[PDB]
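First comes one chain, alone, set out as structure tokens in the form deposited in one PDB entry.
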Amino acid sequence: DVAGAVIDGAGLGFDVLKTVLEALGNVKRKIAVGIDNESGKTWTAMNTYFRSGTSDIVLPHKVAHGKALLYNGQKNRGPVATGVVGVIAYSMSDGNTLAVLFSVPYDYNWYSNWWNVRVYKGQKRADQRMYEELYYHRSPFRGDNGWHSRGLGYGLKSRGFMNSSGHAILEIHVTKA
């Protein structure tokens, strides 16, 4: 149950994400991401785009139906007052893209955690334009310690949760609508 592995879907929960957080160690901002695939079809990694921060982790390459992927990121190291903000992209078996946004800021006096999920038509790599779409235009969910559910179209829906603090967990389930 490490970032970069897939686990039986049922196994994904807050604790496994906490384990992922902890293995990152003493850094100011960071995220553990778990996405559970009940789409009915296989996901293959495309790429992650970072607006800010990094990960030393290779996105799990294949995520079969019934598996969950484990991933992480963290702020750029050293004296930069910045967080960890990015977009993950997976290609699905139907030829479309599953896109996930995470945003953990540095300054909670002025900013909050956000996340989002959307299915794009075709093969689309994560990039800055996708960032701006998911963040400014496609109604992102606040990391407000609450669950949020939404239809993805394409026969699918999303359910996920993200906390509100600088050590973020983000738990997403993709299921048949």
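We call the rigid core whatever largest set of C-alpha positions still superposes within 1.5 Å between the two forms. In this text, residue numbers run from 1 along the sequence as written. Shifts are known only where both forms have a C-alpha.
Unshown form solved in complex with a small molecule; subsequent notes refer to it.
- Taking the partner from elsewhere, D94 is found to have every heavy atom lying beyond 4.5 Å of the small molecule in the deposited bound form.
- Contact check for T42: every heavy atom lies farther than 4.5 Å from the small molecule in the deposited bound form.
- Using a 4.5 Å cutoff between non-hydrogen atoms, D127 does not count as a contact of the small molecule in the deposited bound form.
- Among residues of the shown chain, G73 is not one whose heavy atoms approach the small molecule to within 4.5 Å in the deposited bound form.
- After fitting on the rigid core, only one stretch of 3+ residues whose CA atoms all move by 2 angstroms or more between this form and the one not shown is found, at 78-81.
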